[PDB]
There are 2 protein chains.
Amino acid sequence: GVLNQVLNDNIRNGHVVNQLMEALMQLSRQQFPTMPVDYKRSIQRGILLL
Amino acid sequence: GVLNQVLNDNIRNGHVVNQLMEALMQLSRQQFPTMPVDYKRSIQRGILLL
């Protein structure tokens with residue numbers, strides 16, 4: 001009888017995080033040409049920690 | 001009725017900063033063959049600040 005706001009049924013059986021990891025691993029695999037090495041190093045470590 | 005020293009009308013609508021940032025990003029992406037890495041690093045950090 002009651003309306004309900006339900007999640008996707010893909011968030012529930014957690015596989016969204018695999019797409020997230022795919023994206024983050026890709027961004028690790030790139031280079032940051034515009035920016036120095038220390039900045040990229042900081043960011044890529046920050047996402048390896050995830 | 002009065003003379004006036006008007007600006008360009010491409011400056012009033014801030015677009016010249018795009019020319020500037022494009023030039024700065026080019027200069028950052030280039031290497032400094034003749035010079036060390038600490039100088040390049042300092043310059044490129046100073047360019048990212050802006």
# chains A, B, ... in the order shown; residues from 1 in each chain; ligands from 1

call {"tool": "residues_around", "arguments": {"residues": "range 31-47 of chain B", "least_positions_apart": "5", "cutoff": "12 Å", "atoms": "only C-alpha atoms", "output": "PyMOL selection string"}}
result
(chain A and resi 33-39) or (chain B and resi 20-26)

call {"tool": "select_by_dssp", "arguments": {"residues": "chain B", "states": "alpha helix (DSSP H)", "output": "list in words"}}
result
residues 16, 17, 18, 19, 20, 21, 22, 23, 24, 25, 26, 27, 28, 29, 37, 38, 39, 40, 41, 42, 43, 44, 45, 46, 47 and 48 of chain B
